[PDB]
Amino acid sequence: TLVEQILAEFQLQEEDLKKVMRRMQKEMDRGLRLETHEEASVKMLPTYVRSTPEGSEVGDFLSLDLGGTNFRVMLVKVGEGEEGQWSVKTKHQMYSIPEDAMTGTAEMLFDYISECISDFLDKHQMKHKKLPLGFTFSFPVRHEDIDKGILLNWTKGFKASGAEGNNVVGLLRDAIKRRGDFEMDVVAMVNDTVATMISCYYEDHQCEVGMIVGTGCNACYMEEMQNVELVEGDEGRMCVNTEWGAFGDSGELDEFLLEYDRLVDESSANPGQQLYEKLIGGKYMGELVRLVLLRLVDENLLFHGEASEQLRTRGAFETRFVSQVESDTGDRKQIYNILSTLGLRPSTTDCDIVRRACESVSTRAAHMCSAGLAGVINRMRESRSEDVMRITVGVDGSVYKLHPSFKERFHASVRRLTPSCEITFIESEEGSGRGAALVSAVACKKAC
């Protein structure tokens, strides 16, 4: 119980989740009104992807995806069926992000990006062509239009100087020119939440919410145009990027933050920001575990009180270990190897404690996240003359997909919070690429 006392600190009662759900809703409304949208912590950014688009433009599209740990380029083909349009990656390539590209300037960053875009073009002989280009850019962006928007501020640990405040699309072009090598008509720029949602629409027309639970955590949904005061118009709906990871940046989660959350924040690339996200995102889950474990050793309750050289370095405990650890079948071999690589020699109980620590952190994350999704869905519910509102959520992200239990804990908790709601979850198969192309294919029947 001495360990169960420390770990019990991560528990959240149904009432605590509802409070969180109700609070996220209050912030979503604030970010949407002209009078508070400026100091609102949940930005609720208009994305410009609209309810009923004019018509697609079949053909091959080039799609970029920047925001993960691996910048990606891919060719996707858009066609047309009864449903709507279809899409499919046909060629793809991943490129590791250098240290010199992350510390320098956005200039150098997009230059490196420019290269990868060309290297991809060589290998697949197509540099001579100029196709529409969809840009899935995973950061908060204030759009002026589907193909224009400024970077409000990096998240998840990106530093590139002189990037904030400027046009992302522009900078992308300002680099394609410093090449001449090729030409690309950068038609659309979208958030990964949105791309994921869009990619599932053609499969399920009821899909009006996109959610990402990976290195970061965020969501997007279809809002009634008249509620999007920041954008002229009251007819139809517009997708809105909630950027809910910034939830709590105004002190809305202070009564729930633990000493570990404070430490993780104090040592992050963006102290004081993306707090809600730092409770769920895989960029932090492992680190949350490392801090929990370390406390356990300093209270002489784990590893005899001796922490490895690696167990004491930041980021040493990767989020993928949390997953693996929670997959151990009971024979502890998985848990033992993980810790062994970390320079520890755990006992049977040491392994069961580490196991319990992970379940506590990932379970908190699954529940906290469930509060946000419920917040989004209940808000949408408050605009629908139906008994049972059926809605589909397009989802993507390592944590949500690869963590052995997150998915179930999360679903159960979301359903408890959403009465009269029939939620359906679909996982996106290549949601970014296919998502950008599908959007670009609609903005293209306007710019081409």
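Quick note: we count residues from 1 along the sequence shown, nothing fancier. Take the two forms, find the largest set of C-alpha atoms that superpose within 1.5 Å, and that set is the rigid core.
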{"query": "Divergent stretch in 8 other deposited structures of this protein, 234 to 242 or 116 to 124 [C-alpha RMS, superposed by the core]", "finding": "116 to 124"}
{"query": "Stretch departing more from the displayed form, 391 to 399 or 378 to 386, Cα RMS in 8 other deposited structures of this protein (core fit)", "finding": "378 to 386"}
{"query": "Entries skipping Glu83: at least a third of other ones", "finding": "yes"}
{"query": "344 to 352 or 359 to 367, whichever carries the higher mean Cα B-factor", "finding": "344 to 352"}
{"query": "Residue range whose averaged C-alpha B-factor is higher in the record, 81 to 89 or 221 to 229", "finding": "81 to 89"}
{"query": "Residue with highest C-alpha B-factor in the PDB entry, from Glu243, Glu277, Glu252, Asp234", "finding": "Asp234"}
{"query": "Out of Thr52, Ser405, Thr47, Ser398, residue topping the C-alpha B-factor column of the entry", "finding": "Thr52"}
{"query": "Third assignment of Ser138 from its chain's C-alpha B-factors", "finding": "lowest"}
{"query": "Record-listed C-alpha B factor of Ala269: chain third", "finding": "middle"}
{"query": "Modelled-residue ranking by C-alpha temperature factor, third containing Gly286", "finding": "lowest"}
{"query": "CA B-factor ranking of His411, expressed as a third of its chain", "finding": "lowest"}
{"query": "CA B-factor ranking of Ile6, expressed as a third of its chain", "finding": "middle"}
